[PDB]
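One structure is given here, and the rest of the page talks about it.
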Amino acid sequence: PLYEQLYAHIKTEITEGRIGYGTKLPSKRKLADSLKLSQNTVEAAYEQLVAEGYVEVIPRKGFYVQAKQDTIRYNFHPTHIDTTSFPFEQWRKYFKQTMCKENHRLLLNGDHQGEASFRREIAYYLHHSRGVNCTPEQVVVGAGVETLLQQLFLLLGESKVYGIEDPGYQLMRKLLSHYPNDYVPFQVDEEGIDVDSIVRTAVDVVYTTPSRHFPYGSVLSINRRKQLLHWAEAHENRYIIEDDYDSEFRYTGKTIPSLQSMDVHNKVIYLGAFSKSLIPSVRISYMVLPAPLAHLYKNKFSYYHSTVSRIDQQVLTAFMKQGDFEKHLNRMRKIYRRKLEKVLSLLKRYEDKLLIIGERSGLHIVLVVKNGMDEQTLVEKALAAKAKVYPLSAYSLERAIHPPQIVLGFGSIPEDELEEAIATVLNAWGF
Amino acid sequence: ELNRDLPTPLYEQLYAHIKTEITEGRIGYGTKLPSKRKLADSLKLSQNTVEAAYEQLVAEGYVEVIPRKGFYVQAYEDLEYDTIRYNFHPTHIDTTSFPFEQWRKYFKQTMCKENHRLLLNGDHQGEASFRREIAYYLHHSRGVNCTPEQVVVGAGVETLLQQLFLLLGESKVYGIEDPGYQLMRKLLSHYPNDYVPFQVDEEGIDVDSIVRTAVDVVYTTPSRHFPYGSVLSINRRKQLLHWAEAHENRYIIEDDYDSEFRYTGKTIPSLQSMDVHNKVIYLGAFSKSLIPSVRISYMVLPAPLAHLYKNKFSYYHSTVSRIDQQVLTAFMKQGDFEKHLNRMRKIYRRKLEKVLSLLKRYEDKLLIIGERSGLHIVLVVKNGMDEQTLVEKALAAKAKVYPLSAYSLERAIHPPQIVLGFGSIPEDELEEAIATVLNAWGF
DNA sequence: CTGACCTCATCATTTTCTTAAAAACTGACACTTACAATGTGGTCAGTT
DNA sequence: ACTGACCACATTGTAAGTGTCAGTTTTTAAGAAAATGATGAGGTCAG
């Protein structure tokens, strides 16, 4: 339009320098007549110019110029949950129920921790499922476990030591790489972590997964748990973090109570996750904190907002306020149990070479290969067979184990393709 | 003793009994259990339930079984040892004008049974679609020149700023605007880094003080200055760009607050447009325009800093859900964003004109410092009373207001100056709101 | 030989799953009205 | 005499609206049917 065409047509002379600073622009009320353009167009162009300060105007009118991967048939790892059996038509029914024109004032942020209903529901569910004592005020909610962990890191300080078990999930190493703190490895036997090693050391906060040990699946006894609680009881400024990795997926023996139940003097914090059950890409997590530390955190981090969208909070609290969470959880448990039974029975024949180690509960198995080939050749053959696999040597930074044990997960593989996938992998290995 | 009437099966009551007997201390270390047959006969129960309870006990660790022999306890216990009627933020966006029924259609179009293989996460940089449409929108609305692969996505501005802080280092010295938007100081209050406060006049940041000091990175808004609405001139922009160019380890960050709501003067080109030396990083927002509660944002980087960010944070995962990301990609793909933006622009212009015209009459004791563009206006009360008394009297009539005392490190003017916003006040209530607040005050 | 590891059988109560018709829904083309955009023309107060 | 800003009214065309319709979708009380806690009677193998 001419409205800004004149603006550009004159801006070219101010920028290029047809007239220097202080020189008058061609005219006022006369340039319009000479160019035949209407006066209003000139007025608009000059106002646009003085908006950006290309030309400065004296109060009385004078013009002062200014100077994942592309080709994979399959992939194996415990991260990928199964996705086909998600009841979309049950999610949409609550979504269209929660976001309606009538219900405004849910589009603006508030309750910096999270929606009060969501916190109350989480407290009730945790207390009546995992035996975890809690309070509605006690819980905090954020998006991704990473943000909660970084909040904890900034809350504690840069003057503490962290204990990470060597065969484990490569998270705390990657977080502590950036931060000043340093980590101390710890080996783990078939009954738990080397609590004797910890009590023979001056570590302060240690990262453990009592319910199920990634990836070997070992379950901590009561004696070692009691010893660890007494170890935390000794001093006044030591804390133990409990990670709820993959509970509620145990088949035979119900499920094991969480370590937070044993806490009586407030030295255990309950960390959890929410995106390895419902959706891998919905990004909700949660955390509980002991009364003094939670009170301090409330008094310390007032100015942050929530991190996960309020829409998701409301829709999901309405989703599992009615009770569909139990139904979905049970259906997933059944399908995963059947998948695991089929895979184990299929692989049972090659028992001389493949010793399955671990326990049934979980979403994955770890298998040791007694063949003479090297693990690099194994993974390269798997990828060259259009079915990539993820070895365990990356999950532990110590010396590579001579028997190359390769991790296998099956959440991604469809129920009807399990046998074909296993057959293709084993044919690739040359059996 | 045993009810048999509780919903929990004997498969659990037997466990409860044995657990309380072991933990109370009536069975010691290494003691023999009655195995399966004897206990099953004595308790007139099936073998299956007994073996299930015993195997479950073994799994949790109380007792250990040696094959073809009896159980043996492995559990030696030492036991322990008032009523806000009219909100006033210069941050709220209107709710009623929001087309929900256009959101719903895209939501139902994107998430279906066929659309699996999307619940699984990935591409923490953001799927190439969302990036390419956001880059195209920025290029054709703000004159910003950057390929799609530079941009990133994160949940809000705070997370992006924390990632940038970790990426750059703790040795730098940061610069902020005048007493104003209280974000960077609140973030740096927890980090070793330090900030150098500044003063700005009615035209913009004093670039001379910048060039006479050795600050490393300085934070300011080229398009609209919170809360005075000042616009930086071309001369000061050029001088700031030269100052950033002068050294080789100094960066300028650009934060456009509401640079798309300029009513008359089209859209002022963004500072990134003039950068040819690759020294500015763009910071935007999707939450001061569309929804203030979905928590989305975006940010742009130059090529070497892009490589550094790629090599440094390659093992994170985005905090923005793929559901919202894809549905909003579809939202802007067909052009509905422009229509929504225009509608909001027009309604906000009407609201501003109405409120200004209403406030015109009482010009004797009050003034208007803010300019036309923006979502809020700054006024001074020349009544002989302190700001805190005005705020508490505002509370006294169930209509609270938020002054500039918290915004200001110093004391600007003894006659209090107070910020008012109108994002969440309906059109047919502005007159009543202003009337009741003026009644609460001396007028 | 009594002692203890184990695998099927088939019984039961109470939760999950499937099919139809009857309900409310919302995309597609259509058209009737607006309405704020630029734009021209002709004013205005008050300087100097 | 040189130039502040405030009306008129003209135009194109995007946005705003009600209309009946063809059309995918949602709700319901059945129906049926999977699964588990439970009783039974066995399989081998040791010492």
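Residues in the structure tokens are numbered from 1 in each chain, the chains being A, B, ... in the order shown, and ligands are numbered from 1 in the order shown.
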Report task. Check every residue of chain C for an atom within 12 Å of chain A, counting only C-alpha atoms (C1' of nucleotides), and provide those that qualify as a list in words. Result ->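 Contact residues on the first chain: residues 15, 16, 17, 37, 38, 39, 40, 41, 42, 46, 47 and 48 of chain C.
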Output N, CA, C and O atoms (P, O5', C5', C4', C3', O3' and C1' of nucleotides) for every residue in that selection, as a tab-separated table (two decimals), in the first residue's frame.
chain	number	residue	atom	x	y	z
C	15	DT	P	-16.85	-56.63	40.83
C	15	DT	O5'	-15.84	-56.23	39.66
C	15	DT	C5'	-14.50	-56.68	39.70
C	15	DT	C4'	-13.98	-56.96	38.31
C	15	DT	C3'	-14.09	-55.79	37.33
C	15	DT	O3'	-12.85	-55.60	36.65
C	15	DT	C1'	-15.01	-57.73	36.38
C	16	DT	P	-12.64	-54.32	35.71
C	16	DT	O5'	-12.79	-54.91	34.23
C	16	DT	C5'	-11.75	-55.70	33.68
C	16	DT	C4'	-12.19	-56.37	32.39
C	16	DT	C3'	-12.29	-55.44	31.17
C	16	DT	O3'	-11.48	-55.94	30.12
C	16	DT	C1'	-14.19	-56.84	31.35
C	17	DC	P	-11.30	-55.09	28.77
C	17	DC	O5'	-12.41	-55.69	27.79
C	17	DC	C5'	-12.25	-57.00	27.26
C	17	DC	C4'	-13.47	-57.43	26.47
C	17	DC	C3'	-13.81	-56.52	25.28
C	17	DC	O3'	-13.90	-57.29	24.09
C	17	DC	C1'	-15.73	-56.95	26.61
C	37	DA	P	-9.27	-0.56	11.69
C	37	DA	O5'	-8.76	-0.51	10.18
C	37	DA	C5'	-8.04	-1.61	9.64
C	37	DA	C4'	-8.03	-1.56	8.12
C	37	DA	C3'	-7.36	-0.35	7.52
C	37	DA	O3'	-5.95	-0.54	7.45
C	37	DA	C1'	-9.41	-0.79	6.40
C	38	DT	P	-4.97	0.73	7.41
C	38	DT	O5'	-5.28	1.42	6.00
C	38	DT	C5'	-4.89	0.77	4.79
C	38	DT	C4'	-5.57	1.40	3.58
C	38	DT	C3'	-4.93	2.70	3.07
C	38	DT	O3'	-4.56	2.55	1.71
C	38	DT	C1'	-7.27	2.89	3.17
C	39	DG	P	-3.69	3.69	0.98
C	39	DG	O5'	-4.76	4.79	0.55
C	39	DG	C5'	-5.79	4.46	-0.38
C	39	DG	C4'	-6.84	5.55	-0.44
C	39	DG	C3'	-6.29	6.97	-0.45
C	39	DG	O3'	-6.04	7.38	-1.79
C	39	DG	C1'	-8.30	6.74	0.89
C	40	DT	P	-5.37	8.81	-2.08
C	40	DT	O5'	-6.61	9.81	-2.12
C	40	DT	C5'	-7.71	9.54	-2.98
C	40	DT	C4'	-8.82	10.56	-2.78
C	40	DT	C3'	-8.36	12.03	-2.72
C	40	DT	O3'	-9.00	12.78	-3.74
C	40	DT	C1'	-9.91	11.54	-1.00
C	41	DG	P	-8.71	14.36	-3.89
C	41	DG	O5'	-9.77	15.04	-2.91
C	41	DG	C5'	-11.15	14.76	-3.05
C	41	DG	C4'	-11.98	15.59	-2.08
C	41	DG	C3'	-11.45	17.01	-1.84
C	41	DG	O3'	-12.52	17.94	-1.95
C	41	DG	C1'	-11.78	15.89	0.22
C	42	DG	P	-12.20	19.52	-2.05
C	42	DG	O5'	-12.51	20.06	-0.57
C	42	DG	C5'	-13.83	19.99	-0.06
C	42	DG	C4'	-13.85	20.16	1.45
C	42	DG	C3'	-13.22	21.46	1.97
C	42	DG	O3'	-14.14	22.11	2.85
C	42	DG	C1'	-12.43	19.61	3.18
C	46	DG	P	-7.00	28.32	20.25
C	46	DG	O5'	-5.50	28.65	19.79
C	46	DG	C5'	-4.46	27.72	20.07
C	46	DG	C4'	-3.25	27.98	19.19
C	46	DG	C3'	-2.72	29.41	19.22
C	46	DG	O3'	-1.75	29.53	20.26
C	46	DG	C1'	-2.62	28.40	17.02
C	47	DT	P	-0.93	30.91	20.44
C	47	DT	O5'	0.37	30.70	19.53
C	47	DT	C5'	1.32	29.70	19.87
C	47	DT	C4'	2.10	29.24	18.65
C	47	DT	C3'	3.24	30.15	18.23
C	47	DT	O3'	4.41	29.83	18.97
C	47	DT	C1'	2.04	29.24	16.33
C	48	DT	P	5.52	30.96	19.25
C	48	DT	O5'	5.91	31.50	17.79
C	48	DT	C5'	6.80	30.75	16.97
C	48	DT	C4'	6.88	31.36	15.57
C	48	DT	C3'	7.19	32.84	15.53
C	48	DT	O3'	8.60	33.04	15.60
C	48	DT	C1'	5.45	32.29	13.98
Requested in this report: Using only C-alpha atoms (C1' of nucleotides), select each residue of chain D with any atom at most 8 Å away from an atom of chain B, and give the selection as a ChimeraX atom specification.
Outcome: /D:37-39,46
Report task. Please determine the contact residues of chain C with respect to chain B at a cut-off of 9 Å, counting only C-alpha atoms (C1' of nucleotides), and supply them as an MDAnalysis selection string. Result -> chainID C and resid 3:5
Picked from stretch 171-392 of chain A by DSSP as strand (DSSP E or B), as an mmCIF file with N, CA, C and O atoms, in the first residue's frame:
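Output (part.cif):
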data_model
loop_
_atom_site.group_PDB
_atom_site.id
_atom_site.type_symbol
_atom_site.label_atom_id
_atom_site.label_comp_id
_atom_site.auth_asym_id
_atom_site.auth_seq_id
_atom_site.Cartn_x
_atom_site.Cartn_y
_atom_site.Cartn_z
ATOM 1 N N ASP A 182 30.258 -34.003 42.615
ATOM 2 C CA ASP A 182 30.932 -35.206 42.153
ATOM 3 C C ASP A 182 30.213 -36.437 42.686
ATOM 4 O O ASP A 182 29.601 -36.404 43.758
ATOM 5 N N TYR A 183 30.304 -37.527 41.931
ATOM 6 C CA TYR A 183 29.569 -38.750 42.215
ATOM 7 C C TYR A 183 30.530 -39.882 42.549
ATOM 8 O O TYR A 183 31.655 -39.933 42.045
ATOM 9 N N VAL A 184 30.073 -40.792 43.401
ATOM 10 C CA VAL A 184 30.854 -41.941 43.840
ATOM 11 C C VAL A 184 30.125 -43.215 43.425
ATOM 12 O O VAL A 184 28.985 -43.440 43.841
ATOM 13 N N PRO A 185 30.721 -44.066 42.594
ATOM 14 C CA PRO A 185 30.039 -45.298 42.188
ATOM 15 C C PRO A 185 29.904 -46.284 43.339
ATOM 16 O O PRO A 185 30.615 -46.209 44.344
ATOM 17 N N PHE A 186 28.965 -47.216 43.178
ATOM 18 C CA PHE A 186 28.721 -48.273 44.151
ATOM 19 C C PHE A 186 28.254 -49.522 43.421
ATOM 20 O O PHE A 186 27.337 -49.453 42.598
ATOM 21 N N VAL A 188 26.481 -53.332 43.159
ATOM 22 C CA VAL A 188 25.248 -53.915 43.676
ATOM 23 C C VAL A 188 25.270 -55.422 43.457
ATOM 24 O O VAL A 188 25.593 -55.900 42.364
ATOM 25 N N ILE A 193 21.925 -52.952 47.213
ATOM 26 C CA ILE A 193 23.135 -52.151 47.100
ATOM 27 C C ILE A 193 24.059 -52.494 48.261
ATOM 28 O O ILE A 193 23.632 -53.010 49.297
ATOM 29 N N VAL A 205 24.077 -38.132 50.102
ATOM 30 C CA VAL A 205 22.815 -38.475 49.459
ATOM 31 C C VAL A 205 23.107 -39.464 48.340
ATOM 32 O O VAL A 205 23.982 -39.217 47.503
ATOM 33 N N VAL A 206 22.375 -40.575 48.321
ATOM 34 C CA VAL A 206 22.633 -41.674 47.398
ATOM 35 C C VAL A 206 21.346 -42.016 46.656
ATOM 36 O O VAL A 206 20.250 -41.948 47.224
ATOM 37 N N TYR A 207 21.484 -42.368 45.378
ATOM 38 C CA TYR A 207 20.361 -42.603 44.477
ATOM 39 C C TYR A 207 20.131 -44.101 44.324
ATOM 40 O O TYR A 207 21.022 -44.824 43.865
ATOM 41 N N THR A 208 18.938 -44.562 44.695
ATOM 42 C CA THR A 208 18.616 -45.981 44.666
ATOM 43 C C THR A 208 17.184 -46.173 44.183
ATOM 44 O O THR A 208 16.354 -45.263 44.254
ATOM 45 N N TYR A 239 20.251 -37.451 53.460
ATOM 46 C CA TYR A 239 18.971 -37.740 52.834
ATOM 47 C C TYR A 239 19.120 -38.897 51.856
ATOM 48 O O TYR A 239 20.181 -39.112 51.266
ATOM 49 N N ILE A 240 18.031 -39.644 51.690
ATOM 50 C CA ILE A 240 17.957 -40.766 50.763
ATOM 51 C C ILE A 240 16.768 -40.563 49.836
ATOM 52 O O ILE A 240 15.657 -40.271 50.289
ATOM 53 N N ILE A 241 17.006 -40.714 48.535
ATOM 54 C CA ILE A 241 15.989 -40.486 47.515
ATOM 55 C C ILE A 241 15.473 -41.836 47.040
ATOM 56 O O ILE A 241 16.257 -42.759 46.784
ATOM 57 N N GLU A 242 14.152 -41.965 46.963
ATOM 58 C CA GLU A 242 13.497 -43.194 46.543
ATOM 59 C C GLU A 242 12.894 -42.989 45.162
ATOM 60 O O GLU A 242 12.130 -42.043 44.949
ATOM 61 N N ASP A 243 13.237 -43.871 44.232
ATOM 62 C CA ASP A 243 12.832 -43.743 42.839
ATOM 63 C C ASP A 243 11.796 -44.815 42.523
ATOM 64 O O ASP A 243 12.077 -46.011 42.644
ATOM 65 N N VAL A 268 13.407 -39.552 54.052
ATOM 66 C CA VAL A 268 13.199 -40.141 52.736
ATOM 67 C C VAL A 268 12.310 -39.209 51.928
ATOM 68 O O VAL A 268 11.264 -38.766 52.415
ATOM 69 N N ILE A 269 12.722 -38.913 50.699
ATOM 70 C CA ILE A 269 11.911 -38.153 49.756
ATOM 71 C C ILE A 269 11.401 -39.121 48.701
ATOM 72 O O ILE A 269 12.135 -40.018 48.265
ATOM 73 N N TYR A 270 10.138 -38.970 48.317
ATOM 74 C CA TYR A 270 9.530 -39.848 47.325
ATOM 75 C C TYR A 270 9.576 -39.170 45.963
ATOM 76 O O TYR A 270 8.840 -38.210 45.712
ATOM 77 N N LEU A 271 10.429 -39.679 45.084
ATOM 78 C CA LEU A 271 10.456 -39.281 43.687
ATOM 79 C C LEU A 271 9.714 -40.331 42.875
ATOM 80 O O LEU A 271 9.713 -41.513 43.229
ATOM 81 N N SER A 285 5.532 -35.458 35.944
ATOM 82 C CA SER A 285 6.205 -36.186 37.008
ATOM 83 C C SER A 285 5.685 -35.664 38.338
ATOM 84 O O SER A 285 4.853 -34.758 38.387
ATOM 85 N N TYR A 286 6.179 -36.243 39.427
ATOM 86 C CA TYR A 286 5.734 -35.822 40.746
ATOM 87 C C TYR A 286 6.815 -36.135 41.768
ATOM 88 O O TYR A 286 7.754 -36.886 41.498
ATOM 89 N N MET A 287 6.680 -35.526 42.944
ATOM 90 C CA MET A 287 7.661 -35.673 44.008
ATOM 91 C C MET A 287 7.016 -35.326 45.340
ATOM 92 O O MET A 287 6.175 -34.428 45.411
ATOM 93 N N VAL A 288 7.420 -36.038 46.386
ATOM 94 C CA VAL A 288 7.028 -35.721 47.753
ATOM 95 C C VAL A 288 8.283 -35.350 48.528
ATOM 96 O O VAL A 288 9.376 -35.856 48.253
ATOM 97 N N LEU A 354 22.061 -69.112 26.080
ATOM 98 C CA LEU A 354 21.398 -67.887 26.516
ATOM 99 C C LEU A 354 20.810 -68.109 27.900
ATOM 100 O O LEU A 354 19.767 -68.757 28.038
ATOM 101 N N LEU A 355 21.468 -67.570 28.921
ATOM 102 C CA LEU A 355 20.992 -67.659 30.295
ATOM 103 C C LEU A 355 20.260 -66.367 30.632
ATOM 104 O O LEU A 355 20.882 -65.309 30.764
ATOM 105 N N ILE A 356 18.938 -66.451 30.769
ATOM 106 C CA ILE A 356 18.159 -65.278 31.142
ATOM 107 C C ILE A 356 18.376 -64.982 32.618
ATOM 108 O O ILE A 356 18.187 -65.850 33.479
ATOM 109 N N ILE A 357 18.775 -63.750 32.918
ATOM 110 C CA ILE A 357 19.001 -63.301 34.284
ATOM 111 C C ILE A 357 18.072 -62.132 34.571
ATOM 112 O O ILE A 357 17.867 -61.260 33.719
ATOM 113 N N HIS A 364 11.330 -55.597 30.464
ATOM 114 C CA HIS A 364 12.498 -55.924 29.663
ATOM 115 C C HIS A 364 13.248 -57.075 30.309
ATOM 116 O O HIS A 364 13.042 -57.399 31.482
ATOM 117 N N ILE A 365 14.125 -57.686 29.519
ATOM 118 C CA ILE A 365 14.985 -58.766 29.978
ATOM 119 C C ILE A 365 16.407 -58.461 29.539
ATOM 120 O O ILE A 365 16.634 -57.772 28.540
ATOM 121 N N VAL A 366 17.368 -58.982 30.294
ATOM 122 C CA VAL A 366 18.780 -58.885 29.953
ATOM 123 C C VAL A 366 19.320 -60.295 29.764
ATOM 124 O O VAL A 366 19.147 -61.160 30.631
ATOM 125 N N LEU A 367 19.933 -60.534 28.613
ATOM 126 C CA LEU A 367 20.381 -61.858 28.213
ATOM 127 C C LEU A 367 21.880 -61.851 27.953
ATOM 128 O O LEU A 367 22.411 -60.914 27.348
ATOM 129 N N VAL A 368 22.556 -62.893 28.426
ATOM 130 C CA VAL A 368 23.990 -63.059 28.236
ATOM 131 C C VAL A 368 24.213 -63.999 27.061
ATOM 132 O O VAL A 368 23.582 -65.061 26.975
ATOM 133 N N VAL A 369 25.090 -63.607 26.145
ATOM 134 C CA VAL A 369 25.413 -64.411 24.973
ATOM 135 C C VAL A 369 26.756 -65.081 25.213
ATOM 136 O O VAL A 369 27.767 -64.404 25.435
ATOM 137 N N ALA A 387 17.071 -54.326 12.650
ATOM 138 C CA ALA A 387 16.489 -54.432 13.988
ATOM 139 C C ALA A 387 17.579 -54.048 14.984
ATOM 140 O O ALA A 387 18.330 -54.903 15.461
ATOM 141 N N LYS A 388 17.657 -52.760 15.302
ATOM 142 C CA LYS A 388 18.704 -52.262 16.182
ATOM 143 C C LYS A 388 18.444 -52.686 17.623
ATOM 144 O O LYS A 388 17.296 -52.760 18.070
ATOM 145 N N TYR A 390 20.225 -52.433 21.847
ATOM 146 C CA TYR A 390 21.004 -51.546 22.705
ATOM 147 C C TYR A 390 21.778 -52.340 23.749
ATOM 148 O O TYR A 390 21.165 -52.884 24.682
ATOM 149 N N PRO A 391 23.102 -52.428 23.653
ATOM 150 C CA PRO A 391 23.871 -53.223 24.614
ATOM 151 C C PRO A 391 23.946 -52.567 25.985
ATOM 152 O O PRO A 391 23.738 -51.364 26.149
#
Query raised in the report: Taking only C-alpha atoms (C1' of nucleotides) into account, which residues of chain D are within 10 Å of chain A, as a PyMOL selection string?
Result: chain D and resi 2-4+26+35
Could you write out the selected residues, including N, CA, C and O atoms (P, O5', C5', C4', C3', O3' and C1' of nucleotides), as a short mmCIF file (atom, residue, chain, number, x, y, z; two decimals), in the first residue's frame?
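Result file part-v4.cif:
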data_model
loop_
_atom_site.label_atom_id
_atom_site.label_comp_id
_atom_site.auth_asym_id
_atom_site.auth_seq_id
_atom_site.Cartn_x
_atom_site.Cartn_y
_atom_site.Cartn_z
P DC D 2 3.56 30.36 2.63
"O5'" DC D 2 3.91 29.30 3.77
"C5'" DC D 2 5.05 29.50 4.60
"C4'" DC D 2 5.02 28.55 5.78
"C3'" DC D 2 4.34 27.21 5.50
"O3'" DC D 2 5.14 26.14 6.00
"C1'" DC D 2 3.39 28.21 7.41
P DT D 3 4.92 24.65 5.44
"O5'" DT D 3 4.08 23.93 6.60
"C5'" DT D 3 4.72 23.60 7.82
"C4'" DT D 3 3.71 23.51 8.95
"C3'" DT D 3 2.67 22.40 8.81
"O3'" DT D 3 3.11 21.24 9.52
"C1'" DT D 3 1.77 24.45 9.73
P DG D 4 2.06 20.09 9.95
"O5'" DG D 4 1.49 20.60 11.35
"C5'" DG D 4 0.99 19.68 12.31
"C4'" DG D 4 0.94 20.31 13.69
"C3'" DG D 4 -0.16 19.76 14.60
"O3'" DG D 4 0.40 18.89 15.57
"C1'" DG D 4 -0.55 22.04 14.13
P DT D 26 -16.48 -39.61 19.33
"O5'" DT D 26 -17.82 -39.74 20.19
"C5'" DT D 26 -18.53 -38.56 20.56
"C4'" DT D 26 -19.82 -38.91 21.30
"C3'" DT D 26 -19.65 -39.81 22.52
"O3'" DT D 26 -20.29 -39.22 23.65
"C1'" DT D 26 -21.37 -40.61 21.13
P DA D 35 -7.66 -64.45 29.26
"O5'" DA D 35 -7.65 -64.29 30.86
"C5'" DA D 35 -6.92 -63.23 31.46
"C4'" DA D 35 -7.53 -62.85 32.80
"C3'" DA D 35 -7.17 -63.75 33.96
"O3'" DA D 35 -5.99 -63.27 34.59
"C1'" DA D 35 -9.52 -63.47 33.87
#
Query - 7 Å contact set for residue B:84, only C-alpha atoms (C1' of nucleotides), chain neighbours under 6 positions out, as a ChimeraX atom specification - result: /B:398-400
Report task. Output the contact residues of chain B with respect to chain A at a cut-off of 8 Å, based on only C-alpha atoms, as an MDAnalysis selection string. Result -> chainID B and resid 52 55:56 59:62 75:77 79:81 92:93 95:96 100 104 108 111:113 116:123 155:156 166 186 190 231:235 265 268 291:295 315 319:323
Keeping C-alpha atoms, export the residues of the selection given above as a PDB file, in the first residue's frame.
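Resulting contents of selection.pdb:
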ATOM      1  CA  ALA B  52       1.919 -68.526  46.925  1.00  0.00           C
ATOM      2  CA  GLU B  55       7.026 -67.548  47.620  1.00  0.00           C
ATOM      3  CA  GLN B  56       5.780 -63.975  48.022  1.00  0.00           C
ATOM      4  CA  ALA B  59      10.515 -62.522  47.151  1.00  0.00           C
ATOM      5  CA  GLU B  60      10.268 -59.612  49.637  1.00  0.00           C
ATOM      6  CA  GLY B  61      13.168 -61.009  51.632  1.00  0.00           C
ATOM      7  CA  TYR B  62      11.788 -62.027  55.039  1.00  0.00           C
ATOM      8  CA  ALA B  75      15.082 -61.498  59.373  1.00  0.00           C
ATOM      9  CA  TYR B  76      16.767 -60.379  62.604  1.00  0.00           C
ATOM     10  CA  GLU B  77      15.176 -57.111  63.719  1.00  0.00           C
ATOM     11  CA  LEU B  79      13.326 -52.387  64.702  1.00  0.00           C
ATOM     12  CA  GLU B  80      13.975 -48.620  64.607  1.00  0.00           C
ATOM     13  CA  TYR B  81      17.071 -46.886  66.035  1.00  0.00           C
ATOM     14  CA  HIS B  92      -3.483 -11.531  31.476  1.00  0.00           C
ATOM     15  CA  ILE B  93      -4.961 -12.269  28.052  1.00  0.00           C
ATOM     16  CA  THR B  95     -10.610 -15.594  27.739  1.00  0.00           C
ATOM     17  CA  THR B  96     -14.058 -15.173  26.166  1.00  0.00           C
ATOM     18  CA  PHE B 100     -12.241 -22.901  21.879  1.00  0.00           C
ATOM     19  CA  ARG B 104     -11.352 -28.768  19.680  1.00  0.00           C
ATOM     20  CA  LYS B 108      -9.822 -34.381  17.642  1.00  0.00           C
ATOM     21  CA  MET B 111      -5.139 -37.645  18.372  1.00  0.00           C
ATOM     22  CA  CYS B 112      -6.884 -40.751  17.036  1.00  0.00           C
ATOM     23  CA  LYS B 113      -6.532 -44.523  17.234  1.00  0.00           C
ATOM     24  CA  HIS B 116      -0.195 -44.165  17.350  1.00  0.00           C
ATOM     25  CA  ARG B 117       3.622 -44.098  17.100  1.00  0.00           C
ATOM     26  CA  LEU B 118       3.264 -40.528  18.384  1.00  0.00           C
ATOM     27  CA  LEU B 119       2.706 -41.156  22.095  1.00  0.00           C
ATOM     28  CA  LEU B 120       6.369 -42.167  22.225  1.00  0.00           C
ATOM     29  CA  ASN B 121       8.657 -39.168  22.628  1.00  0.00           C
ATOM     30  CA  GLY B 122      11.622 -38.020  20.580  1.00  0.00           C
ATOM     31  CA  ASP B 123      13.294 -35.131  18.789  1.00  0.00           C
ATOM     32  CA  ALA B 155       8.450 -24.881  28.513  1.00  0.00           C
ATOM     33  CA  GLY B 156       8.432 -21.171  29.248  1.00  0.00           C
ATOM     34  CA  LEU B 166      24.418 -23.441  32.061  1.00  0.00           C
ATOM     35  CA  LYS B 186      15.190 -13.509  40.389  1.00  0.00           C
ATOM     36  CA  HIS B 190      20.465 -18.503  42.902  1.00  0.00           C
ATOM     37  CA  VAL B 231      11.052   2.282  21.607  1.00  0.00           C
ATOM     38  CA  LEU B 232      14.780   2.259  20.908  1.00  0.00           C
ATOM     39  CA  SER B 233      15.882   4.508  18.058  1.00  0.00           C
ATOM     40  CA  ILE B 234      18.009   3.351  15.136  1.00  0.00           C
ATOM     41  CA  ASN B 235      21.043   5.276  16.415  1.00  0.00           C
ATOM     42  CA  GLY B 265       2.699   1.718  13.195  1.00  0.00           C
ATOM     43  CA  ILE B 268       8.547  -2.506  13.878  1.00  0.00           C
ATOM     44  CA  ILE B 291      -2.924 -18.821  26.169  1.00  0.00           C
ATOM     45  CA  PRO B 292      -1.194 -17.766  29.408  1.00  0.00           C
ATOM     46  CA  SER B 293      -1.400 -21.321  30.787  1.00  0.00           C
ATOM     47  CA  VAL B 294      -0.077 -23.735  28.139  1.00  0.00           C
ATOM     48  CA  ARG B 295       3.537 -22.821  28.973  1.00  0.00           C
ATOM     49  CA  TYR B 315      20.893 -35.951  25.962  1.00  0.00           C
ATOM     50  CA  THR B 319       9.439 -30.342  28.212  1.00  0.00           C
ATOM     51  CA  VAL B 320       6.730 -29.461  25.648  1.00  0.00           C
ATOM     52  CA  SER B 321       4.378 -32.339  24.870  1.00  0.00           C
ATOM     53  CA  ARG B 322       4.136 -33.649  21.313  1.00  0.00           C
ATOM     54  CA  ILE B 323       0.338 -33.468  21.618  1.00  0.00           C
TER      55      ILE B 323
END
Query raised in the report: Can you list every residue in stretch 310-367 of chain B that DSSP puts in alpha helix (DSSP H), as a VMD selection string?
Result: chain B and resid 310 to 312 322 to 333 336 to 359
